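The chain that follows stands alone, in the form deposited in one PDB entry, written as structure tokens.
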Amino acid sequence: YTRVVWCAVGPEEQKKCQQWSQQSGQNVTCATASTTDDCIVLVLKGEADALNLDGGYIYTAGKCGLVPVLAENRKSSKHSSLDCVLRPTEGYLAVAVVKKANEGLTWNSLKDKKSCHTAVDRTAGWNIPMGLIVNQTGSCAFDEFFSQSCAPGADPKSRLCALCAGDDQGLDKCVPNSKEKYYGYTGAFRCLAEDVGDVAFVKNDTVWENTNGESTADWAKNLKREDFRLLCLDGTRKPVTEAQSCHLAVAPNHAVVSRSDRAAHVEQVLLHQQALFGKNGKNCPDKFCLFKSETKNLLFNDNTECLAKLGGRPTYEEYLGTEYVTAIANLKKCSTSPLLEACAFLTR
């Protein structure tokens, strides 16, 4: 009970957790498992107390009877808000943007249209819109929904890659990294800017960044924000400035999760742990850093500024929100989780 057992996924996280444990003087200790699903099970089973999960996993742990403890507060990825512990920063906005000059285009007029995605299986670029598209329709065949798309990471033979176009030489088509020209936020946005796609699924921050002189890239630079609208779920459209009222869903901050019975205590422990090892912590560079990893995002995301208070005791569905929940629930209906299945079994 006094200790808090963390669940690491992989040897790289395991190693980092071991150094944490050591430095914490054994108040934090570590269970390791091969998959995230396996950790949620350990926690469900009381053999581990906590770990930190992404949105899809919060949903799934949520359904199995786990709850969010502290939210991972971003910085912006560099830059500013404060103070970090008391207020959770909202979490970025997934938007669907289309050219203003195209007005015969709405959230309900997207079938057989052309789509530009950031990547397959990303939150803003894939998971939220396709999750919601299939809410709209009731089919799991979102793959057949757009006539053509650029969805980096999908099958290159398929319609979902038909719009990607690799790099200068056309090489590495539909690859899920920067080498694919319409990869990521910028690329998805360029895909719409050059009218290769009808709709681009990005975040609010994306059009601001590539319009009106934020970017100098030859494709971006003479771009105008005027020229782009946002597709809201009420079927209307609005300017890019109004993302807060015209988005698909919020992309959830990663969060620590726990048995409700243990939430108070793991919380209490981590607040002190980050005072020791967090961004201003007594001991960070000096002995150990909670939000730095020798590889990438081990245990927490590297751009995490602190763990922050919920205020308080939200369920998963109140943490994620109705749109995000509808989104993921739709995805998981279409491609099941063994764990979600397991959690619905009447033998647990």
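For every residue, the number given is its place in the sequence shown, counted from 1.
Below, we refer to the form solved in complex with a small molecule, which is not included among the displayed structures.
Residues within 4.5 angstroms of the small molecule in the deposited complex, judged by any non-hydrogen atom, belong to 248-256 and to none of the other stretches in 97-105, 160-168, 248-256, 143-151. When the small molecule is considered in the deposited complex, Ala188 lies well away from it, no heavy atom lying within 4.5 Å.
Taking the partner from elsewhere, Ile128 is found to have a heavy atom lying within 4.5 Å of the small molecule in the deposited complex. Of the listed residues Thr106, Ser21, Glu90, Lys292, the one positioned at a hinge between rigid parts between this form and the one not shown is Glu90; the rest lie more than 12 positions from any hinge. Whereas the shown form places them at one spacing, the Cα atoms of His79 and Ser215 lie at least 3 Å farther apart in the deposited complex. With a change of no less than 3 Å, the CA-CA distance between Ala96 and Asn303 is smaller in the deposited complex than in the form shown.
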